[PDB]
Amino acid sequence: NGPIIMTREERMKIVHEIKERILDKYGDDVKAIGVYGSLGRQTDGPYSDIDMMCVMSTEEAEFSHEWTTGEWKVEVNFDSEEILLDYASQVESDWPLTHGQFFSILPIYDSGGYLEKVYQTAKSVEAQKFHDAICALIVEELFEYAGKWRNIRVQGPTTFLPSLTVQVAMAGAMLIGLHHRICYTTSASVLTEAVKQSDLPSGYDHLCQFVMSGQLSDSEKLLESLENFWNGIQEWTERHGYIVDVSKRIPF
């Protein structure tokens, strides 16, 4: 019934059982096996799960095995070296949430320093990619969110405002992480680490304190905190040179 409590040593025993199954099934096509997530960081809790990544020599390989035993859960990703390195150098809007997995890999099997290659690739991403992701985030996510809460103020529904506020605070956290080109430790610590960073957009800290405390019932204060954060954004982007093109009416 649900995830049960497990200690670190029992989880690692499962990891090596899976590693032996992987090597028995795929043999010399396995280049490397590593553990990421909290278990790879050696900070797994009693109810933490298991996340493993495998580097294959197998040409264009990209698949995953994700299952439960009813008591615990495992996910194993299988990728070719080319596919994995390409993904590790691609900066999407949620890069600060996702790509921390490449910075604390616990090696389990490695025939040729592949896990070190993935780490070097992830930490050497060209600065321009973060600049482009920040500008895309403002247009694709933040500008759209602003239209949604401004609609809520004039026509509702207020029952969406708590969920929307959570999404906006998360998007702002991604914006800060992209600026500092720093990945957050884990999903549970995204907002906690975001508000402790420097160069915050004005109004972001105040907005986060609603989400972190759970006080999301005052719709008129939420709308005002969102509006203050939005105004802070375009300040913030012109100070750091993240300028968005608003000049073309049809840009194709």
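A residue's number is simply how far along the shown sequence it sits, counting from 1.
Q: Determine, for stretches 105-113 and 177-185, which one has the higher mean CA B-factor as deposited.
A: Stretch with the greater average CA B-factor: 105-113.
Q: If you average the Cα B factors in the entry, which is higher, 7-15 or 228-236?
A: Higher mean C-alpha B-factor: 228-236.
Q: Out of 62, 51, 193, 66, which shows the largest CA B-factor listed in the entry?
A: Among 62, 51, 193, 66, the highest C-alpha B-factor in the entry belongs to 62.
Q: Report the option among 129, 73, 153, 99 whose CA atom has the maximum B-factor in the deposited record.
A: Across 129, 73, 153, 99, the entry lists the biggest C-alpha B-factor for 153.
Q: Would you mind checking where the Cα B-factor of residue 140 ranks among the modelled residues of its chain, as the lowest, middle or highest third?
A: Middle third of the chain for residue 140's C-alpha B-factor.
Q: Consider only the C-alpha atoms of the modelled residues in this chain, order them by B-factor as the entry records it, and name the third containing residue 158: lowest, middle or highest.
A: For residue 158, the deposited C-alpha B-factor lands in the highest third.
Q: Within this chain, which third does the Cα B-factor at residue 203 fall in: lowest, middle or highest?
A: It belongs to the middle third of the chain when residues are ordered by C-alpha B-factor.
Q: Split into thirds by Cα B-factor across the chain's modelled residues, where does residue 33 land: lowest, middle or highest?
A: Its C-alpha B-factor belongs to the lowest third of this chain's values.
Q: Thinking about Cα B factors across the chain, which third does residue 45 belong to?
A: As the PDB entry reports it, the C-alpha B-factor of residue 45 lands in the middle third of its chain.
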